[PDB]
Amino acid sequence: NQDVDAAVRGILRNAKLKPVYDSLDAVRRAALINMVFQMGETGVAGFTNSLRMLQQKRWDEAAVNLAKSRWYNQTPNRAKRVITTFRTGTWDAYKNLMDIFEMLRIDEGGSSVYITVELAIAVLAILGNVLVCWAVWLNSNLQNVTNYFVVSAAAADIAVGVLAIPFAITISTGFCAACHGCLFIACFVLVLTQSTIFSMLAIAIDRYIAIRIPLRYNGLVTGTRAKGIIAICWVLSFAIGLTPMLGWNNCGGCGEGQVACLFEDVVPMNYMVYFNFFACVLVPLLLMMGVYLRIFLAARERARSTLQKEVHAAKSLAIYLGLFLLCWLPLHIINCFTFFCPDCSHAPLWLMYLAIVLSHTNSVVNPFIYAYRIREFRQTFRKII
Ligand SMILES: CCNC(=O)[C@H]1O[C@@H](n2cnc3c(N)nc(NCCc4ccc(CCC(=O)O)cc4)nc32)[C@H](O)[C@@H]1O
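Under the deposited numbering, residues 1035 to 1131, 1138 to 1149, 5 to 147, 158 to 205, 219 to 303 are what the sequence shown spells out, in order.
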């Protein structure tokens, strides 16, 4: 409030800023005030090229140059909102959750509907996946090797419902927390959601061998081997989700040492796109889908029944993996747009939240559906109920 007035007087004192300020529109002037307030009149005066684009009323040109700055790479979401305001002369960027004071209030630091749906998913997750584990633990006939993978996926999903989703809610509200404390929480969410994905792929591996190599399934994927695969998945989940803590983070209003706990403010975007999305979601998945497609296309009295059962299994499996991608993709596509196009306006609150909701629904119901379609599971469910 007091610093706002001082920032404007700082602009007036520097001959490199004052003429550029006068040239700006009422709204664009506030964007400059925000920028100066943040890094100082000397810092902003170092933007000789972008200042000349603003002075020449080349708005979109100024946006391009500002988005290439050290400023943008330091705090890209705040820089993006200031840049959008400089380009359009509107508060489009500040539409969710007008004057320079309110702009600074937002940057320094619907929601109820999001939290409600998120907790509804958390509850459903726990109930459904615990039921699945009870069926296998109670009913002796369900304690086979395949169900080691089913139960493993289910258990991970229970932990997602209890911990990960509540933590993900925190991560999107922006309360003031120590930067590294907020980084740890984000990593914990990344580990548990990573585990879901890997567990479903482990299930896919098990089924693939069971339908394509039925003559060696018992003699190839043992209880021991299965436990090994599951352990490996968890090792990878921790390794990946905790990677940011090893150095790949964004921090190498309310108080010193505390920051607004927001996912994108502490977790790097190149990490999420290049490493997490492409290598730990897309390639693993698409490869598995491709395998199923080839088994299906190759496939297409007792020798006949044995084949029809594998053509059906191939279609069912393809549909499951397709659904998985349809729910995980929206979120990662939004992330890609934000990362590849720094000039572009950020996705709106309702859209970002919608994508998160979708991904979390899939992250908890993958095991249950598979189990519900099995006759032995369904009847056992009723007997518990
Ligand atoms: C297996 C990998 N795990 C994941 O994908 C998990 O991470 C989380 N997540 C993956 N991207 C993201 C992501 N961009 N933002 C968030 N929250 C914060 C939402 C948010 C961001 C920016 C703004 C500013 C808007 C503006 O300037 O006008 C507002 C809200 N969580 C993610 C999900 O919970 C998923 O389950």
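Here a beta-carbon is modelled for each residue, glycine too, at the ideal position from N, C-alpha and C.
Beta-bridge partners of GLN163, as assigned by DSSP: Residue 163 sits at position 258 when you count from the first residue of the sequence shown. In the DSSP output, where bridge partners are listed per residue, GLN163 has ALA73.
Contained alpha helix (DSSP H) runs [length at least 4] in the stretch 1044 to 1123, N- to C-terminal order: 1052 to 1057, 1060 to 1073, 1075 to 1079, 1082 to 1089, 1093 to 1100, 1104 to 1108, 1110 to 1122
Three-state secondary structure (DSSP) of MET1138: The residue you call residue 1138 lines up with position 98 of the sequence shown. It is coil, neither helix nor strand.
CA-to-CA distance, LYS227 to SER6, given in whole angstroms: For the purposes of this step, residue 6 is taken as the residue at position 111 of the sequence shown. For the purposes of this step, residue 227 is taken as the residue at position 309 of the sequence shown. For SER6 and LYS227, the distance between alpha carbons rounds to 47 Å.
Residues near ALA15 by beta carbon distance below 8 Å, same chain, minus five either side: Against the sequence shown, residue 15 aligns to sequence position 120. Correct list: empty, nothing qualifies.
Backbone CA spacing between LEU115 and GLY160 [nearest angstrom]: Working through the sequence shown from its first residue, we reach residue 115 at position 220. Working through the sequence shown from its first residue, we reach residue 160 at position 255. Answer to the nearest angstrom: the Cα atoms are 58 Å apart.
Cβ pair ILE64, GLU13 closer than 7 Å: Residue 64 sits at position 169 when you count from the first residue of the sequence shown. Residue 13 sits at position 118 when you count from the first residue of the sequence shown. Yes. Within cutoff.
Heavy atom of ligand 1 within 6 Å of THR1119 beta-carbon: Start at 1 with the first residue of the sequence shown, and residue 1119 comes out as number 85. It does not: the Cβ of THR1119 is nowhere closer than 6 Å to a heavy atom of ligand 1.
DSSP-derived helix/strand/coil call for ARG107: On the sequence shown, residue 107 is found 212 positions in, with the first residue counted as 1. The answer is helix: DSSP assigns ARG107 an H, G or I state.
Which of helix, strand or coil DSSP assigns to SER47: Working through the sequence shown from its first residue, we reach residue 47 at position 152. In the structure shown, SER47 sits in a helix (DSSP, three-state: H, G or I).
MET270 CB to nearest heavy atom of ligand 1 below 6 Å: Within the sequence shown, numbered from 1, the residue matching residue 270 stands at position 352. At least one heavy atom of ligand 1 is nearer than 6 Å to the Cβ of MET270, so yes.
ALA1096 vs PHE1071 beta-carbon contact at 7 Å: If you number the sequence shown from 1, residue 1096 lands on position 62. If you number the sequence shown from 1, residue 1071 lands on position 37. Not in contact: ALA1096 and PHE1071 (Cβ atoms no closer than 7 Å).
Supposed close pair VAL282, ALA20 - CB separation, criterion 8 Å: As a working note, residue 282 is residue 364 in the sequence shown. As a working note, residue 20 is residue 125 in the sequence shown. The pair is a contact, with the Cβ atoms about 3 Å apart (cut-off 8 Å).
Beta-carbon separation (whole angstroms), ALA17 vs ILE80, contact threshold 8 Å: Sequence index remark: in the sequence shown, residue 17 carries index 122 (1-based). Sequence index remark: in the sequence shown, residue 80 carries index 185 (1-based). Contact flag wrong, Cβ pair sits at about 16 Å.
Backbone CA spacing between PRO248 and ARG220 [nearest angstrom]: For the purposes of this step, residue 248 is taken as residue 330 along the sequence shown, with counting starting at 1. For the purposes of this step, residue 220 is taken as residue 302 along the sequence shown, with counting starting at 1. The alpha-carbon atoms of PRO248 and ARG220 are separated by roughly 44 Å.
Proximity test, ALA1097 beta-carbon vs ligand 1 heavy atom, cut-off 6 Å: By one-based count along the sequence shown, residue 1097 stands at place 63. Checking every heavy atom of ligand 1 against the Cβ of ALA1097, none is found closer than 6 Å.
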